[PDB]
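Okay, here we've got a single chain as structure tokens, the form deposited in one PDB entry, with questions on binding and movement later.
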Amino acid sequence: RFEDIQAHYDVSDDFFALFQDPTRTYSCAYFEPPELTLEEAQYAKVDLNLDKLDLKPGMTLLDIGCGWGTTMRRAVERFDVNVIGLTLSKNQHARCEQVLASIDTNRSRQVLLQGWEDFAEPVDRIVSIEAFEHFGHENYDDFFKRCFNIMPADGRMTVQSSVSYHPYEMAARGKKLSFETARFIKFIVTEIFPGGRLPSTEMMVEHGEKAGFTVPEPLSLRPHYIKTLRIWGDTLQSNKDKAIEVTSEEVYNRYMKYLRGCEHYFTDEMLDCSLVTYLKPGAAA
């Protein structure tokens, strides 16, 4: 029943196409250098993640939340690795299968319609780009234990996740702004990512360490998300008429509120986006 209440907030892939770049990447871009197009910045974000993973030819990369398959293809093409992708979306599964089958390679390419809970095959390296927000706090210990256990002695993982701060830390940066941010987060995890729950950077780090990972200083992507959300918002606005035709005025207003609102709270430093690297004890220096 509560699912039905959330099922209300389901939106066609066609709507997201009207604000996203041509790769349909629904995560923080990386504008390095600063004058990259959104689309180029999305390839630079993939490279930022993959370049941290010490990927060698013939290794297997696991992509947890593999989206439309952009990260896996880039991995196969750049690093000559086997790939396994996990997605819960039937549409993303079908697209990924086609993206991977198109690649000129002898490497193994696999996409599975399942969550990480059901995945227990040996892999060399793991990437997860803005899927972690959906796992839930109670599942973090199981997540990091699974990732540690499926990787070899030199295993590495990157997790990119939107984050909030502990209530105590939020209170420290103005009471007014603290309650305002909490209410906007509640809107995101009700109407935009139903059942979602933002971790803190500290949770991401400490759950990793409990599992046995070495965790260097997380990379903040805050200024890159501000630019991403600005372009998304401006793009949705430019396509207002088409967006309404495809869904409704309700859904257009909901997403403009989300995109403008996120840009605001990222600017006010009440939200962040953390790229966290997890190194197993035997990882290369």
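In this text, the rigid core denotes the largest set of C-alpha atoms whose superposition between the two forms falls within 1.5 Å. We number the residues from 1 along the sequence you see.
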Taking RMS over all structures and residues, which stretch has CA atoms farther from the shown form in 9 other deposited structures of this protein, 135 to 143 or 152 to 160, after a rigid core fit? 135 to 143
Judged by RMS Cα deviation after a rigid core fit in 9 other deposited structures of this protein, the more variable of 201 to 209 and 125 to 133 is 125 to 133
166 to 174 or 98 to 106, whichever carries the higher mean Cα B-factor: 166 to 174
Stretch with the greater mean C-alpha B-factor as recorded in the entry, comparing 136 to 144 against 122 to 130: 136 to 144
Highest CA temperature factor in the entry: which of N49, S248, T60, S27? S248
Select one of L221, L53, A243, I64: the residue whose C-alpha shows the highest B-factor in the crystal structure entry. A243
Please say which third, lowest, middle or highest, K90 falls into when its CA temperature factor is compared across its chain. highest
C-alpha B factor of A283, ranked within the chain: lowest, middle or highest third? middle
In terms of its chain's C-alpha B-factors, the third that includes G195 is the highest
Is the Cα B-factor recorded for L18 in the lowest, middle or highest third of its chain? highest
Using the B-factors in the PDB entry, rank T235's C-alpha atom against the chain and give the third, lowest, middle or highest. highest
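As for the form deposited with a small molecule bound, it is not shown, yet the points below apply to it.
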Only one of these stretches, 146 to 154, 75 to 83, 126 to 134, 207 to 215, has heavy atoms within 4.5 Å of the small molecule in the deposited complex; which one is it? 126 to 134
Answer key: of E117, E121, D141, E169, within 4.5 Å of the small molecule in the deposited complex (heavy atoms) is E117
Taking heavy atoms and a 4.5 Å cut-off, does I64 contact the small molecule in the deposited complex? yes
Is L88 close enough to touch the small molecule in the deposited complex, meaning at least one heavy atom pair within 4.5 Å? yes
